[PDB]
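Okay, structure first, notes after.
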Ligand code: HDD
Ligand code: HDD
Ligand code: HDD
Ligand SMILES: [Ca+2]
Ligand SMILES: [Ca+2]
Ligand SMILES: [Ca+2]
Ligand SMILES: [Ca+2]
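Chains as they are written, first to last, in PDB author numbering: chain C, 21 to 618, 622 to 649, 653 to 697; chain B, 21 to 617, 622 to 698; chain D, 21 to 339.
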């Protein structure tokens, strides 16, 4: 609503300065028609001064990302567990804005880098903005906020030459990971398919920390936030992600923009695990430790409500670039815990917005404003957009009749710290011994992945570690991996020409936990928005008709279809020159196009076949509708995810199950 | 109230964060009742971070000032001289905002420093914001904008110790003045009563530069802007200005605030001198030279309209502190000239707002916004408040149908440079020799003051120059003063124990010009708002009765009356302890209070000092009731003196006293050099 | 010293840009001798751009103030009470910088306003800079830092018109004082001659808070800092202070400058009251409470060393 009031419409009218003076902006004022530009040319200077100052500092982490507006809807009256107003009645709706991001890359880096991903959600509640600033991975690399610049320095580019962009595959990152074993758990998630999701819509979100739900009576329970994707979970394969980074650095923000514009806004169930305060140490680790998950076997998910994203921003800079989240944006009914990672974040997010906004009044920007009245004695500051009528902004006062009133547990629905919280003991800079098991849970995670998924994780480590120059770093890395799993360390060492150290079984175990596998999570629940490329030709009229037939049948089921040919015309969306297998979730070749697969100035040598072969190699559903093609491609007609029909309607029925299966993992070799 | 849309009301409600979460802000969150404060206390950090960041850089000059909202009303359709939309119809009304200031002092320096004063006016017109950023003195110290930092560094405090505050009475300033003879004219104005005005309401405003009026057909005329005060002109005397600087640093801002709140908003006639392009060098000087005035005998003032300030800001910081004036905020119908001082100002004011605002979107602050729609392709930048719909912000485009459209002389009422302007010649860093006479106009100015005004100007120079430690600088100063006037140089040299150099008559003359004298402008046209202190006593109930009677009769003529006694009670506004003569424009003692003329309630001799100070500073003083000799004798004031009043009758006392307030100052109480 | 190495001498030489190119700065470049100024005039823009950006925000409190360099010399090896390295040997010298100030006025307000005064001392020790950021009055108005903007909004000028400058003599200040009774102790000090000292050299400095001295073995004691003036204590009277504010707004800064230039640099004995941890509530109040002094009858002063100011800054802004 502050969003609509600040929109500026330029669809009609004459150019004006920022002070409303009609002007021109196409030629400089000069002393004669071939003469020097004049200093008194105010039109030139105001325009270029604005241009000169357009940029602001990128976020220190999560610089690369994209956002959308939507709604959250409560499923029930949750007063039984929290006083939180946005959860206080069935069907209660609250507007949201969400930004998704990577962690390490600068603002112009590729979406499909391997990375932890941000999932930050703002709920504009009727008792204040509430932000959950989370990630797609439920556990974090480090156990104390003070270590965050060490982690980030080590993973960001080496500071002499600023290489490599958006990547952990260099010595410093692996030096840090091997010297700081708290990193293992998040490292294993990021080395799995969770590090390369198929889209922002196909990943989950997690608050990571344990928080508290607090009731109006003051009793509390411990919670973890989980946002569970209704689109299902899906990942790229690494070799595909690399090419995609080059062919389309905007892949995830494009995918989100497109799904929203087509009426397919993504959805999540907002859930919690809820446990009692006495269970803080009951599960075999400390709930204050952000490197641990609570297995679903010990605490099931309760569904609180529905999160839907359904409207794109109007201006990226003003909304997505300027949104300033804070876990300190908290509301009555929620409280913090003593997680030393969370505790330090509270300081950092308030402070960093001064850097980004260059002034203290960043909560006045339309995107950061609340949707309820503000009453407080904050004043002045650069960029002050309010005119305060209260000329006695201090408490206690009589000159403004004692207003604003103090709000607390008793009065004014004030935020209040959970009143059962205590502290005791020496003031110390010590890590709790309860945080010391860094290896059991990564092993639990690894155990819970399918064999193919385990192989992809080993191969991600083989790829990254083989790029580490230092032989000593590589050995130290093997030492740590070996504490999680000997087999992992053996298979990793094989690719780098070192021997693994002997098995150390202190942390080894065979336990599994549900719901962490991507491959294991069954077929996608929906195929809407998935992309089908139809490889066709203009040389045969039958090819284009076959292409058009297929189009209409696939588009009916909500698939985004691209017909590719040598050159554009009616019915053809893309040329072979601009097409690539990274652009599709499945690829169909219409038999009429068989000749392209066996040279043209219109596209690089071998392109049409390369698209089909890359798609197959990357595990995608592929087919021919009309077997010369299958033999050009070395693609066996009996393979799972390979479709060959002369019949259109049988082709499509089968192909669509392939899209749901999404990837055909039998095409990847195991150790 | 023109800015009502941005106001925030806190007359009810619970405290919230800036994101609307209700909170408390009186006690920190601690680990135990006598424990350490916690980092998770976001209530504490949000409030303190806001406080830690409240201040913004002061303006590089004119840092000390005060402002008010108003209205400008046009007296005519001025289409026949200018296309300016705000001047296009009789009675047309445009909101304004004005800020007045000193030049040299920091924030918190005293209003009544001796200085050039700013008088900056924003007209929020229906064709964009138009600013006239003027001073109370019509000529400037320097002839080229590039010399501004030199001037300002020399006047501002010495950079090793930052002494002295808000004063040109130090070596560096007079070193600059004496080495840069262009300074002489403004220097003479600042050493006159114009350097110490009685209030912002009692000074004029001037644009200083020659500008152009431009008609829709492209023809232009040369103009000077004059804002002529309807309250009259009035000054302090130096010795009063110094005491006032201590007793009430906020004298001028309080005076303006009070006049507006009492329904006595000050007024100016906004006027121009208008001359042809052909007259640029016709008056014996260059109209491009900002050190020169056009004598009113050569070009009379034309009244364009009325400026009235009638509404005080709601929040000083948000309005007065954040207002960002620019002579680059120009509208169709006005243009610049090649005055080299003006020319560089165009650059400085756009640049310096980046320092003040800390980001490029300073035109979006409520006080800076225009009152018409904005359509342009400026985007992003820190602090961006707009959400722009047009996703094609480039020209030329087809994807936004070629909008926004280019505005110019022939379409969309665009600004346009006066089309008869030309340049010719080498690209030079040279001063035009037409700028070289630095001395004739300061002499013209000096000749146009009354004998007592001339004395006051000489005495201001004696005061400041006697504080210059360098004997070499004092000598250089006398050299320049001597080129304006031998008599000035001799009279100033007398105080500083140097001989003046031999007369040099190159620039001496005896011409005079109307309208530059303050003493010579006759009685004030109005005495509304002037301050009368009535010195009484609580010892005698009849003194209080007399004070009450006098109050009723003075208030019915719109004077602001303060009754002073030993202690407060009904009928008494101020105690003697807080009272001072700098607080009044006239002083009356009620004869019941004669005995006061020791107590633990006020400093010794305070009641008499107020009366003696007021008399010595030239103010109307008197005793009401009939018994006047004890007070006048104690004070050493002659009963028959001009501006000295004694009557038994309250009615007759007030009639006479009110003539004295309009006379304002009694100049026969000041000695003149022979 | 970082200061000496960053000094810039301009007693000879030709004018240069900030990147070392010789230039002139007295006339703008124009198209013709009576023509418009050219955008290509980089000499003009670099000079004006610097001028346009010379100011920085004043301090949110204590904006009006003045400073000097000097030395601190320890009287003893204080290892028996603190591990602090600048106090570890008789005669050990540490460079200092001190800035004195008022609290409420903006940076061009008068020195002789009635107010609490700042006395902030930096010791550039051989184990890091150590700052004691104190006032000339030993107790503070409020008991919790979260109330500081309330105190400060109330004493600073009313926000609609920004009146009155540098004074507590207005409704909002007295409203706060009368609603928030913790203010009474400092109020009494500020209303006494401690609010209008004769000079920065004629006042004491106090750390105000209780701090701790920690020995290398880890034991600790509670301390209050006191800087006791060797010039004696002296104050103005109010009628005089008011006139002085107008006649010389720079009175204290001039006084300090002159005393140093004449070889009369001011001195303070740096002292502590030192008490056991067990005595935090022994004296009839809580030593965590910054509105309370420890009467010297209950804990005497120990003199640690001599603070002397003896060198004025070279550039006021930079230092
Ligand atoms: C103490 C330092 C620190 C620590 C330990 C963390 N962060 Fe953080 N985070 C920041 C300091 C920070 C920051 C420097 O303050 C950022 C950069 C820009 C911003 O607004 O805050 C930020 C940005 C940021 C963003 C992007 C928000 C947006 O899209 O604008 C997300 C999603 C996260 N963080 C999430 C996390 C999670 C899930 C963490 C561990 C559980 C975490 N951060 C630990
Ligand atoms: C080239 C530099 C330069 C030159 C030659 C001038 N000025 Fe200026 N002026 C500034 C640079 C500047 C500035 C640094 O840009 C200021 C300080 C803050 C601001 O907004 O602009 C300013 C402020 C300022 C103000 C205060 C506006 C306000 O209340 O906010 C007034 C009244 C003037 N000036 C008036 C003048 C007059 C009448 C001049 C000679 C005719 C003059 N200036 C020459
Ligand atoms: C929570 C806010 C807060 C509180 C409770 C205090 N101050 Fe403070 N003080 C500031 C916040 C502040 C500040 C806003 O952070 C300043 C302004 C500029 C700066 O460097 O710090 C400051 C400046 C400042 C200066 C000027 C230092 C200099 O000359 O540059 C002195 C002497 C003091 N303070 C002394 C005190 C004393 C003796 C206090 C009570 C025992 C005190 N302050 C409480
Ligand atoms: Ca490296
Ligand atoms: Ca900045
Ligand atoms: Ca000097
Ligand atoms: Ca007040």
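Positions of the beta carbon are idealized from the N, C-alpha and C atoms, including for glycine.
Backbone CA spacing between residue 33 (chain D) and residue 59 (chain C) [nearest angstrom]: 30 Å
At 4 residues or longer, what runs of the alpha helix (DSSP H) sit wholly inside the region 54-93 of chain D? 62-72
I'd like the span of the alpha helix (DSSP H) that includes residue 117 (chain C), first residue to last. Membership of residue 117 (chain C) in any alpha helix (DSSP H) is not indicated; the residue belongs instead to the beta strand (DSSP E) covering 113-122.
Inter-residue spacing [alpha-carbon to alpha-carbon] between residue 249 (chain C) and residue 287 (chain C): 6 Å
Leaving out five residues before and five after residue 51 (chain D) in sequence, what residues of the same chain have Cβ atoms less than 8 Å from its Cβ? 58
Pairwise C-alpha distance: residue 85 (chain B) and residue 124 (chain B): 11 Å
Do residue 122 (chain B) and residue 137 (chain B) have their C-beta atoms within less than 9 Å of each other? yes
For residue 458 (chain C) versus residue 174 (chain C), is the C-beta distance shorter than 9 Å? no
Three-state secondary structure (DSSP) at residue 395 (chain B)? coil
Would you mind reading off the limits of the beta strand (DSSP E) that contains residue 293 (chain D)? 287-295
Taking only runs that begin and end inside the region 214-302 of chain C, name each unbroken beta strand (DSSP E) of 3 or more residues, in chain order. 231-234, 240-249, 287-295
Spell out whether any CB of chain B is found under 9 Å from the CB atom of residue 213 (chain C). no
Based on Cα-Cα distance, which residue from B:661, B:592, B:697 lies nearest to residue 510 (chain B)? B:697
Could you tell me if the beta carbon of residue 119 (chain B) falls within a distance shorter than 8 Å of some heavy atom in ligand 2? Within the cutoff, so yes.
Going along chain D in order, which residues have a C-beta closer than 8 Å to the C-beta of residue 165 (chain B)? Within 8 Å of the CB of residue 165 (chain B), the CB atoms of chain D belong to 48, 57, 64, 68, in sequence order along the chain.
Along the chain, where does the beta strand (DSSP E) containing residue 322 (chain B) start, and where does it finish? 321-331
Supposed close pair residue 156 (chain B), residue 223 (chain B) - CB separation, criterion 8 Å: 4 Å
Would residue 696 (chain C) count as contacting chain D if we go by Cβ distances under 9 Å? no
Please check if any C-beta of chain B sits within less than 9 Å of the C-beta of residue 308 (chain D). yes
Is residue 336 (chain B) close to ligand 2? I mean its beta-carbon at under 8 Å from any heavy atom of the ligand. no
Is the region 216-230 of chain D close to the region 178-198 of chain D, with three or more CB pairs under 8 Å? Short answer: they don't touch.
For residue 392 (chain B), which residues in chain C fall below 8 Å Cβ to Cβ? Simply 36, 40.
Using a beta-carbon distance below 9 Å, is residue 231 (chain D) in contact with chain C? Residue 231 (chain D) does not count as touching chain C.
Quick one: is residue 138 (chain D) near chain B, going by C-beta distance under 9 Å? Chain B contact via Cβ: absent.
Residue 515 (chain B): which of B:488, B:152, B:539, B:295 sits nearest, CA to CA? B:488
Put residue 619 (chain B) into one of helix, strand or coil per three-state DSSP. Chain B lacks coordinates between 617 and 622, the interval that contains residue 619 (chain B).
Between the alpha carbons of residue 35 (chain C) and residue 45 (chain C), how many angstroms are there, rounded? 8 Å
What does residue 356 (chain C) pair with, by DSSP beta-bridge criteria? Per DSSP, none; premise fails for residue 356 (chain C).
Run down chain B in chain order and give the residues with a C-beta less than 9 Å from the C-beta of residue 95 (chain C). Near residue 95 (chain C) there are no residues of chain B at all, since even the closest Cβ is about 24 Å away, more than 9 Å.
Run through chain B and tell me which residues come within less than 7 Å of residue 60 (chain C), C-beta to C-beta. 356, 363, 366
Within the continuous beta strand (DSSP E) that includes residue 34 (chain D), where are the two ends? Segment: none, residue 34 (chain D) is in no beta strand (DSSP E) and carries neither H nor E.
For residue 100 (chain C), is the classification buried or exposed, using 16 other Cβ atoms within 10 angstroms of its Cβ as the cut-off for buried? exposed
Between the C-alpha atoms of residue 283 (chain D) and residue 150 (chain B), what's the straight-line distance to the nearest angstrom? 57 Å
C-alpha gap between residue 3 (chain C) and residue 425 (chain C), whole angstroms: It is not possible to answer for residue 3 (chain C), since the shown part of chain C is limited to 21 through 697.
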